[PDB]
file work.tsv (TSV, C-alpha atoms)
chain	number	residue	atom	x	y	z
A	1616	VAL	CA	0.00	0.00	0.00
A	1617	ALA	CA	2.99	2.31	0.51
A	1618	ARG	CA	4.10	1.56	-3.06
A	1619	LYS	CA	0.64	2.46	-4.34
A	1620	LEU	CA	0.58	5.64	-2.24
A	1621	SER	CA	4.02	6.68	-3.51
A	1622	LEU	CA	2.82	6.07	-7.08
A	1623	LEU	CA	-0.18	8.31	-6.41
A	1624	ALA	CA	2.06	11.02	-4.94
A	1625	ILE	CA	4.34	10.75	-7.98
A	1626	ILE	CA	1.39	11.28	-10.33
A	1627	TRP	CA	0.57	14.63	-8.69
A	1628	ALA	CA	4.14	15.70	-7.89
A	1629	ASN	CA	3.73	18.75	-10.14
A	1630	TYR	CA	1.04	20.34	-7.97
A	1631	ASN	CA	2.85	19.74	-4.67
A	1632	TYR	CA	6.34	18.55	-3.77
A	1633	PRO	CA	6.23	15.01	-2.33
A	1634	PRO	CA	7.99	14.52	1.02
A	1635	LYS	CA	11.04	12.33	1.47
A	1636	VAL	CA	10.51	8.65	2.29
A	1637	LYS	CA	14.15	7.56	2.12
A	1638	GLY	CA	15.45	5.62	5.11
A	1639	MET	CA	11.98	5.25	6.60
A	1640	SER	CA	9.93	2.37	7.99
A	1641	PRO	CA	7.07	0.72	6.05
A	1642	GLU	CA	4.70	1.95	8.78
A	1643	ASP	CA	5.67	5.62	8.38
A	1644	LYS	CA	3.94	5.75	4.99
A	1645	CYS	CA	1.33	7.66	7.00
A	1646	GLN	CA	3.15	10.89	6.08
A	1647	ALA	CA	2.50	10.14	2.39
A	1648	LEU	CA	-1.05	9.15	3.35
A	1649	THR	CA	-1.52	12.55	5.00
A	1650	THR	CA	-0.04	14.60	2.16
A	1651	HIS	CA	-2.21	13.02	-0.48
A	1652	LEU	CA	-5.27	14.65	1.09
A	1653	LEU	CA	-3.37	17.95	0.77
A	1654	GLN	CA	-2.62	17.18	-2.89
A	1655	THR	CA	-6.28	16.24	-3.44
A	1656	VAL	CA	-7.26	19.86	-2.73
A	1657	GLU	CA	-5.49	21.08	-5.88
A	1663	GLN	CA	-9.94	18.43	-8.97
A	1664	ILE	CA	-13.53	17.25	-9.46
A	1665	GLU	CA	-15.49	14.35	-7.92
A	1666	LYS	CA	-12.76	13.96	-5.25
A	1667	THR	CA	-14.73	11.25	-3.41
A	1668	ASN	CA	-13.26	8.47	-5.57
A	1669	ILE	CA	-9.79	10.05	-5.36
A	1670	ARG	CA	-9.84	10.15	-1.56
A	1671	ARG	CA	-11.43	6.70	-1.21
A	1672	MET	CA	-8.47	5.02	-2.92
A	1673	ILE	CA	-6.20	6.80	-0.41
A	1674	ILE	CA	-7.85	6.42	3.00
A	1675	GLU	CA	-9.47	3.06	2.16
A	1676	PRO	CA	-7.18	1.36	-0.33
A	1677	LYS	CA	-8.66	-1.68	-2.06
A	1678	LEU	CA	-6.67	-4.68	-0.90
A	1679	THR	CA	-7.38	-8.46	-1.10
A	1680	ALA	CA	-5.03	-10.80	0.76
A	1681	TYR	CA	-4.83	-14.41	-0.44
A	1682	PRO	CA	-3.38	-17.09	1.88
A	1683	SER	CA	-2.54	-19.39	-1.03
A	1684	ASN	CA	0.13	-18.67	-3.64
A	1685	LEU	CA	0.04	-18.16	-7.39
A	1688	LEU	CA	-4.54	-20.21	-6.92
A	1689	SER	CA	-4.47	-19.22	-10.58
A	1690	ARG	CA	-4.84	-22.88	-11.56
A	1691	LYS	CA	-8.09	-23.19	-9.59
A	1692	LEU	CA	-9.51	-20.12	-11.34
A	1693	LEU	CA	-8.44	-21.43	-14.75
A	1694	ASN	CA	-10.03	-24.83	-14.09
A	1695	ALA	CA	-13.25	-23.19	-12.88
A	1696	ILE	CA	-13.40	-21.03	-16.01
A	1697	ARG	CA	-12.71	-23.89	-18.42
A	1698	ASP	CA	-15.12	-26.35	-16.79
A	1699	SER	CA	-18.00	-23.83	-16.57
A	1700	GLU	CA	-20.18	-23.67	-19.70
A	1701	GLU	CA	-21.25	-20.06	-19.09
A	1702	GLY	CA	-17.59	-19.14	-18.58
A	1703	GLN	CA	-16.73	-20.23	-22.11
A	1704	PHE	CA	-19.92	-18.59	-23.38
A	1705	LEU	CA	-18.96	-15.31	-21.70
A	1706	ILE	CA	-15.41	-15.43	-23.07
A	1707	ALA	CA	-16.71	-16.07	-26.59
A	1708	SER	CA	-19.25	-13.25	-26.23
A	1709	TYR	CA	-16.51	-10.87	-25.08
A	1710	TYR	CA	-14.24	-11.80	-27.98
A	1711	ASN	CA	-17.00	-11.81	-30.62

call {"tool": "encode", "arguments": {"input": "work.tsv", "output": "structure tokens"}}
result
Amino acid sequence: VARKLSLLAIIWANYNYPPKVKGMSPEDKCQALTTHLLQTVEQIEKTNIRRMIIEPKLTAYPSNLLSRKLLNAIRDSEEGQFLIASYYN
């Protein structure tokens, strides 16, 4: 989530200078978290912009690439093949 937040700060580095993060713990990404609300001020429908900052979408998976199960479920399912064909036709 710190990587994503630093990406977001980088995107809007023109409007405001991003603070240093060098030599800093993974928990202290809260400074970047705080400054992105400041950057959000400078432009429309900010609700979605702020939501990705304060409440980042995240989905932890105990298993490891998991992908094979999804592939098998897609191939076995009739609809799944129907949906793929509909998308690509």

call {"tool": "atom_distance", "arguments": {"input": "work.tsv", "atom1": "CA of residue 1666 in chain A", "atom2": "CA of residue 1643 in chain A"}}
result
24.4 Å

call {"tool": "closest_residue", "arguments": {"input": "work.tsv", "among": "A:1669, A:1617, A:1706, A:1625", "to": "residue 1646 in chain A", "atoms": "all atoms listed in the file"}}
result
A:1617

call {"tool": "axis_aligned_box", "arguments": {"input": "work.tsv", "around": "range 1639-1656 of chain A", "padding_each_side": "3 Å", "output": "lines of an AutoDock Vina configuration file"}}
result
center_x = 2.4
center_y = 10.3
center_z = 2.7
size_x = 25.2
size_y = 25.1
size_z = 18.2

call {"tool": "closest_residue", "arguments": {"input": "work.tsv", "among": "A:1650, A:1667, A:1683, A:1711", "to": "residue 1624 in chain A", "atoms": "only C-alpha atoms"}}
result
A:1650

call {"tool": "residues_around", "arguments": {"input": "work.tsv", "residues": "range 1626-1630 of chain A", "least_positions_apart": "3", "cutoff": "10 Å", "atoms": "all atoms listed in the file", "output": "short mmCIF file (atom, residue, chain, number, x, y, z; two decimals) with C-alpha atoms, in the frame of the given file"}}
result
data_model
loop_
_atom_site.label_atom_id
_atom_site.label_comp_id
_atom_site.auth_asym_id
_atom_site.auth_seq_id
_atom_site.Cartn_x
_atom_site.Cartn_y
_atom_site.Cartn_z
CA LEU A 1620 0.58 5.64 -2.24
CA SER A 1621 4.02 6.68 -3.51
CA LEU A 1622 2.82 6.07 -7.08
CA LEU A 1623 -0.18 8.31 -6.41
CA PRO A 1633 6.23 15.01 -2.33
CA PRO A 1634 7.99 14.52 1.02
CA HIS A 1651 -2.21 13.02 -0.48
CA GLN A 1654 -2.62 17.18 -2.89
CA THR A 1655 -6.28 16.24 -3.44
CA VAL A 1656 -7.26 19.86 -2.73
CA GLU A 1657 -5.49 21.08 -5.88
#
